[PDB]
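Next come the chains, spelled out residue by residue.
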Amino acid sequence: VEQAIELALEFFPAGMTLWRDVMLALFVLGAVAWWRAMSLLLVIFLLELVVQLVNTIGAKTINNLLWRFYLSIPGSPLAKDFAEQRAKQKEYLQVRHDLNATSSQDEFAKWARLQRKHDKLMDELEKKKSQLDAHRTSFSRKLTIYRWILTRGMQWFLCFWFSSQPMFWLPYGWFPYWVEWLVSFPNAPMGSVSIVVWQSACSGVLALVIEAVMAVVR
Amino acid sequence: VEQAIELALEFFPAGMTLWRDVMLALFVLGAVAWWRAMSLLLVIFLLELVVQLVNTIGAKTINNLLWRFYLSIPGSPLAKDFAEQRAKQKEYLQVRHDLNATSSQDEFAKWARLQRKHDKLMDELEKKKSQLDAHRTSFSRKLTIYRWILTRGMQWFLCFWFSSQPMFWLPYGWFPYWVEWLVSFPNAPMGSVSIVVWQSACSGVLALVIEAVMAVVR
Amino acid sequence: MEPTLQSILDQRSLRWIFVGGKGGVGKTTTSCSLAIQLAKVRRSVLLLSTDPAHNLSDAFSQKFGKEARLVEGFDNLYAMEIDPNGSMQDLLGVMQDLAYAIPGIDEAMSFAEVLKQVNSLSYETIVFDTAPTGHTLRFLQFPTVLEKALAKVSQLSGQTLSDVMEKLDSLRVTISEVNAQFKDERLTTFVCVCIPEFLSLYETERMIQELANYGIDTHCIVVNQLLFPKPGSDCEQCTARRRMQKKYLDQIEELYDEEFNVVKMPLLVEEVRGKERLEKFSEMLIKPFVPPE
Amino acid sequence: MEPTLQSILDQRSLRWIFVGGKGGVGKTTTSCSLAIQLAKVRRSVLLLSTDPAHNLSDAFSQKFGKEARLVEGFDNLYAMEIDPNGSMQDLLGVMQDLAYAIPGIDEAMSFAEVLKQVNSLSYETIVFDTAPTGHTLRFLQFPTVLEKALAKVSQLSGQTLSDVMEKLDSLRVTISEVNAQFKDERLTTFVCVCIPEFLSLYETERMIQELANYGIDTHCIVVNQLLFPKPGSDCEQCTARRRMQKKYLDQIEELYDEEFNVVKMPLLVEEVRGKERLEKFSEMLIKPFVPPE
Ligand SMILES: [Zn+2]
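Residues numbered from 1 in each chain as written, not as in the entry; some residues may be left out. Chains lettered and ligands numbered in written order. Heavy atoms only, no water.

Deposited coordinates in this entry are attributed by the record to cryo-EM, at a stated resolution of 4.7 Å.

What follows is the structure, encoded as structure tokens:
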């Protein structure tokens with residue numbers, strides 16, 4: 001299943017660059033074709049920032065935004081118990097200071113009463129850790145797909161609807177028939193373009209601007 | 001990935017039988033066609049017992065056969081250390097009896113010498129459990145695929161080779177053109193049959209005989 | 001509270017009594033004193049020991065073995081100091097590999113068949129004595145160990161295996177009823193002993209909160225060797241020893257005076273043996289000796 | 001073997017000495033006796049205590065605090081009984097949540113900065129005394145605790161965090177060099193104490209095999225309060241007490257006579273305080289008193 005322990009035991013026996021350059025040239029002609037010539041280009045424009053956040057994803061740091069999202073609502077039950085958790089933790093550390101400050105000789109009864117309260121609260125401590133960390137990782141697993149539906153639903157709807165409706169027309173005679181084949185499959189009229197290269201390879205358009213930001217901070 | 005915890009959180013919001021009967025009828029006509037009429041039918045005959053053992057699989061009990069497979073070879077290093085393991089275990093339980101039989105009062109020095117030998121051997125005990133159980137589960141993971149290659153290589157080779165070469169000819173005029181379509185795809189000449197239904201649905205032929213054995217023992 | 005054991009006599013619906021602690025305290029003297037003063041108001045009382053120190057022979061100068069009997073001077077004293085290793089003699093190759101799979105098997109089954117022989121008769125009450133505690137308290141774990149072991153034996157199976165399967169099922173249901181009889185608290189009680197120094201008090205409190213984490217209470221705690229001064233005569237080392245003994249004594253007074261009982265028992269000059277001497281030693285568990293202090 | 005501590009005097013390349021055990025033994029008397037007899041042949045010796053019993057004040061009737069100094073009657077006696085809770089006073093909200101993430105943080109960092117102040121000076125040798133053992137031996141775990149804590153703090157990050165990151169790195173490298181100085185065995189030694197009864201011997205053997213599981217040997221073991229009979233005068237309780245004391249004494253003779261040393265130290269009538277009285281008590285660790293036995 002891993003294809004790595006199988007590779008750990010396999011030791012016991014004994015075009016794409018020029019492809020990205022032509023996608024660069026078609027992106028140049030697609031960017032030139034807008035100035036001399038609408039709404040679907042802005043739809044691709046928002047999907048570019050969606051793929052950007054997919055790149056500059058903090059899969060935890062999105063939930064770090066969700067933390068202040070739920071550090072916000074005062075009617076939240078869980079942040080209420082989070083505050084009650086820290087309050088019990090404060091009383092916890094207080095008695096622990098009074099414990100380690102005490103002596104095991106002459107307050108042995110007070111010794112035991114402190115010890116009993118110590119392991120009294122010590123058990124209820126991680127009960128909340130079991131509760132809230134379960135809620136937090138389940139809430140994250142919900143909203144990961146909750147965002148993923150809004151991402152890939154627009155990643156496939158654009159190809160479902162507004163496919164026969166031509167987005168724009170290729171200049172007559174520039175591309176051989178076999179290249180034009182791509183257009184024939186999504187139902188768009190021959191001589192017009194579909195909406196694919198804007199889905200996948202348009203992510204490269206901002207990708208160099210991503211490395212531009214890599215030069216900005218660093 | 002599991003599609004089960006996702007189903008555990010999905011609770012938070014709000015023809016084939018008649019297909020097997022027609023494969024039974026084509027298996028009846030395939031069994032009748034041999035008496036009045038070769039080698040490939042015996043190839044399917046062995047693949048039927050292979051799929052049978054796939055059904056009556058003990059995925060551990062195959063390795064239970066592998067146990068006496070490696071309880072057989074005297075030149076095996078591991079079964080040698082297995083015997084040395086049981087020998088150390090016997091000396092282990094021997095000193096443990098002498099330990100629990102002793103008293104903690106008047107042989108306290110002998111008490112400690114026994115205790116020291118006790119935890120002496122107790123650590124080397126599970127070192128062999130880490131060694132041999134690792135070897136055993138890795139050997140099982142090798143031979144599962146080692147059998148699986150001999151199974152599915154014959155499950156796809158039959159369709160690779162001896163495809164254009166017709167195995168047998170359908171009676172002229174019994175089946176509509178659209179049914180005959182199946183033959184056209186594997187390269188077999190029109191009017192002859194390919195080798196598919198013998199691969200998958202022939203498993204049903206012996207499956208009723210499997211339930212015949214279900215009436216034999218029970 | 002009341003400095004005696006009168007409450008154990010007063011219930012009469014009690015059946016099982018557990019008494020323990022650690023070594024160096026002479027628990028056997030406490031056990032025999034409990035049994036003899038219990039026999040004044042009882043019908044059928046059985047003592048049971050499992051400590052490898054064959055001490056009841058020292059208690060009565062009479063050899064005992066693997067069968068109960070009545071000893072002289074009494075009509076109700078029955079006991080049999082047994083060994084767990086006899087069951088290992090019953091094991092004397094696959095069952096020993098099973099003992100490798102789980103480090104403890106045979107002791108629980110031996111204790112099980114012992115308790116079946118216990119419930120064979122119609123005895124009124126029984127009493128106990130045990131080894132150091134980490135080796136004791138596993139008996140509350142024997143039901144789970146038994147279950148895991150039976151499951152595993154069946155795992156290997158996947159001579160007759162069904163016979164040992166049914167035998168382990170009988171041991172399972174029997175140990176479940178006995179541990180279920182444990183938490184009843186109307187027939188199962190527990191007393192612990194200790195002595196005036198630090199570590200004895202330390203592991204005593206550890207035991208108490210241990211049984212607190214299993215839901216079994218107690219109300220009676222005995223101490224030992226509490227030296228009280230002789231009038232007129234004095235040893236100068238004994239004076240300071242009494243002083244330190246009072247120091248821990250009052251600390252236990254600061255703990256347990258609310259809902260437990262304290263039994264004062266002084267050391268005598270001799271290891272008290274013989275029947276009548278043990279009677280006089282046992283008398284103090286009802287009438288507490290008190291000097292002016 | 002040799003019934004003294006002459007081998008600790010003879011090496012001189014020793015730097016660190018650990019001495020411990022359990023309560024009820026008077027380890028402070030043993031510690032001060034070790035330090036004073038050490039100072040006869042040494043240059044710069046420092047005592048360090050962390051037990052919440054502020055006992056060195058009782059040892060010398062002079063108040064001490066959070067700074068070393070020389071006490072009267074000596075040119076080399078330096079000590080400072082410190083508290084770990086002062087570092088918690090240094091903590092007095094996120095760092096306390098970090099203390100929730102790992103139950104022990106501040107004690108290791110306090111012990112760390114203490115040892116930095118220790119290696120600030122140019123002292124010849126140091127000595128120690130500790131609390132009960134389960135609270136002691138965590139210092140061999142402080143390097144790992146420190147590493148895990150620093151990793152976790154960085155995990156949350158994913159006021160300046162880099163300052164506490166570099167501070168914890170300095171604590172990391174310092175504690176790694178000190179624990180690395182521990183296993184050198186040419187400057188780090190260990191002696192344990194005990195007394196003639198059961199449980200003291202019990203946890204003593206547990207400690208020895210504990211240090212055996214870390215690869216640090218020992219060769220010297222001291223006992224205490226070994227009562228020897230006075231000629232002519234006798235207490236009858238003291239006779240049997242001597243008998244039982246011999247019983248365990250000979251059992252320790254059956255263990256450690258091969259490669260360890262036994263120090264006989266009798267109890268005196270008073271808690272030995274004052275400088276000159278402590279000198280006489282310390283003298284016996286070289287010249288062993290022996291009656292005809
Ligand atoms: Zn005396």
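Draft legend 1. Summary view of the UniProt feature "coiled-coil region" in chain A. The UniProt feature table records "coiled-coil region" at residues 111-138 of chain A. Helix makes up 100% of residues 111-138 of chain A and strand 0%, and the two end C-alpha atoms of the span are 42 Å apart. (UniProt positions renumbered as here; feature names shortened; annotations may be inferred. Helix = DSSP H or I, 4+ residues; strand = E, 2+ residues; numbered from the N terminus.)

Draft legend 2. Spotlight on the interface of chain A and chain B. The interface is formed by six residues belonging to chain A together with six residues belonging to chain B. Buried surface at the junction of chain A and chain B, summed over both partners, amounts to about 500 Å²; 66% is from carbon and sulfur atoms. The largest share of the area that chain A buries against chain B comes from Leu9, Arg141 and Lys142 of chain A, three residues that together contribute 72% of it. Here chain A is connected to chain B by zero salt bridges. Linking chain A with chain B are zero residue pairs in polar contact, by the criterion used here. (Contact = heavy atoms within 4.5 Å. Buried area = accessible area lost by both parts, 1.4 Å probe. Salt bridge = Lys/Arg side-chain N within 4 Å of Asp/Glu carboxyl O. Polar contact = N/O pair within 3.5 Å; in protein donor to acceptor, adjacent residues only side chain to side chain.)

Draft legend 3. Up close: the coordination of the zinc ion. Protein coordination at the zinc ion comes from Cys235 of chain C (SG), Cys238 of chain C (SG), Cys235 of chain D (SG) and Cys238 of chain D (SG), with a distance range of 2.4 to 2.5 Å. Around the zinc ion sit four donor atoms; with metal-centred angles ranging over 96 to 137°, the donor geometry is irregular. Of the two residues, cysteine 238 of chain C is situated in helix α11 (residues 236-256) and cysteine 235 of chain D in the loop between β6 (220-222) and α11 (236-256); the pairing between them involves two chains. In terms of burial, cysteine 238 of chain C and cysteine 235 of chain D fall into one category: buried. (Donors = N, O, S within 2.8 Å, 3.2 Å for Na, K, Ca; no water. Tetrahedral: all angles 85-135°; square planar, octahedral: opposite > 155°, others 65-115°. Buried < 20%, exposed > 50% of the residue type's maximum accessible area, 1.4 Å probe, protein only.)

Draft legend 4. The arrangement of empty space enclosed by the protein in detail. Residue and element names in this part refer to chain C. Within this model, the largest cavity holds a volume of roughly 280 Å³. Lining the largest cavity we find 21 residues, and of these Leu5, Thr30, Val193, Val222 and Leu285 sit closest to its centre. Counting only elements with at least two residues in the lining of the largest cavity, the list comes to β1 (16-20), α2 (27-38) and β5 (188-193). By residue class, the composition of the lining of the largest cavity is 15 nonpolar, six polar and no charged. (1 Å grid on protein atoms, 1.4 Å probe; cavity = no way out; pocket = protein on both sides within 12 Å on 5 of 7 lines; lining within 4 Å. Points joined across faces, edges and corners; volume = space filled by probe spheres on them. Nonpolar A, V, L, I, M, F, W, Y, C, P; charged D, E, K, R; others polar.)

Draft legend 5. Region of the structure containing the interface of chain B and chain C. Across the contact, 13 residues belong to chain B and 12 residues belong to chain C. It is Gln89, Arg96 and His97 of chain B in chain B that bury the most area against chain C; as a group they hold 38% of the surface buried on that side. At the junction of chain B and chain C, the tally comes to zero salt bridges. On inspection of chain B and its partner chain C, the count reaches five residue pairs in polar contact. Those elements giving two or more residues to the side of chain B that touches chain C turn out to be α5 (77-101) and α6 (108-160) of chain B. Broken down by element, the residue count for the side of chain B that touches chain C peaks at seven residues, all from α5 of chain B.

Draft legend 6. Here's a closer look at helix α2 (residues 27-38) of chain D. Residues and elements named next belong to chain D. For α2, which comprises 12 residues, the first-to-last C-alpha distance of 16 Å matches the rise-based estimate of 16 Å (1.5 Å per residue) to within 8%. By the criterion of burial, α2 is predominantly enclosed, with nine of the 12 residues buried. For α2, the full list of buried residues reads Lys27, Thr28, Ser31, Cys32, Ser33, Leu34, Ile36, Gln37 and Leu38. (Expected span 1.5 Å × (residues − 1).)

Draft legend 7. The arrangement of the environment of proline 288 of chain C in detail. All names here are of chain C. One can find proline 288 in the segment after α12 (275-283). With a relative accessible area of 36%, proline 288 lands in the partly exposed category. Residues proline 288 and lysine 264 lie 24 residues apart in sequence; the distance between their C-alpha atoms is 6.8 Å.

Draft legend 8. Local environment of the packing of helix α8 (residues 142-157) of chain C against helix α9 (residues 161-182) of chain C. Residues and elements named next belong to chain C. The N-to-C vectors of α8 and α9 enclose an angle of 165°; their axes lie 9 Å apart at closest approach. What the angle tells us is that α8 and α9 run roughly antiparallel. Relative to α9, the crossing made by α8 is left-handed. Contact residues: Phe142, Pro143, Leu146, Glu147, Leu150, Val153, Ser154 and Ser157 in α8; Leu161, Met165, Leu168, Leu171, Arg172, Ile175 and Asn179 in α9. Here the residues of the contact of α8 with α9 sort into 10 nonpolar, three polar and two charged. (Axes fitted to C-alpha atoms, helices over the stretch in contact; angles between N-to-C directions. Parallel < 35°, antiparallel > 145°, perpendicular 65-115°, else oblique. Left-handed = near helix turned anticlockwise from the far one by under 90°.)

Draft legend 9. Highlighting the UniProt feature "transmembrane region" in chain A. Residue and element names in this part refer to chain A. When the UniProt feature table is mapped onto this chain, "transmembrane region" is found at residues 41-60, 148-168 and 193-209. Across residues 148-168, helical content stands at 62% and strand content at 0%; the span's end C-alpha atoms are separated by 29 Å. In the segment residues 193-209, helix accounts for 41% and strand for 0%; the C-alpha atoms at its two ends are 26 Å apart.

Draft legend 10. Up close: the nonpolar core. Residue and element names in this part refer to chain C. Counting residues in hydrophobic clusters, the biggest one holds 29 residues, and the most contacted among them are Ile17, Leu56, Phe60, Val263 and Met265. Broken down by secondary-structure element, the contributors of at least two residues to this core are β1, α2, α3 (55-60), β3 (77-79), β5, β6 (220-222) and α12. The element contributing the most residues to this core is α3, with three residues. Apart from the residues lying within four places of it in its own chain, the contact partners of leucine 56 are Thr28, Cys32, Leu47, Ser49, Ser61, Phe64 and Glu81. (Core = buried A, V, L, I, M, F, W, Y, C linked by side-chain atoms within 4.5 Å.)

Draft legend 11. Broad picture of the UniProt feature "active site" (unreviewed entry) in chain C. Residue and element names in this part refer to chain C. In the UniProt entry, the feature "active site" (unreviewed entry) is given for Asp51. Positionally, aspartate 51 belongs in the loop between β2 (45-47) and α3. Taking relative accessible area as the criterion, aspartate 51 reaches 10% and is therefore assigned buried. Apart from the residues within four sequence positions on either side, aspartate 51 is in contact with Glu81 and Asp129.

Draft legend 12. How the structure looks around the sheet that holds strand β4 (residues 125-127) of chain C. Residue and element names in this part refer to chain C. Pairing is parallel in the open sheet, where seven strands are placed in the order β3-β2-β4-β1-β5-β6-β7. Edge positions in the sheet fall to β3 and β7 (261-263), since each of these pairs with one other strand and no more. Ignoring strand direction, the axes of neighbouring strands in this sheet form an average angle of 25°. Where β2 lies against β4, three bridges are found, and the strand directions are parallel. Counterpart to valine 45 in the pairing with β4 is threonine 125. (Pairing = 2+ DSSP bridges.)

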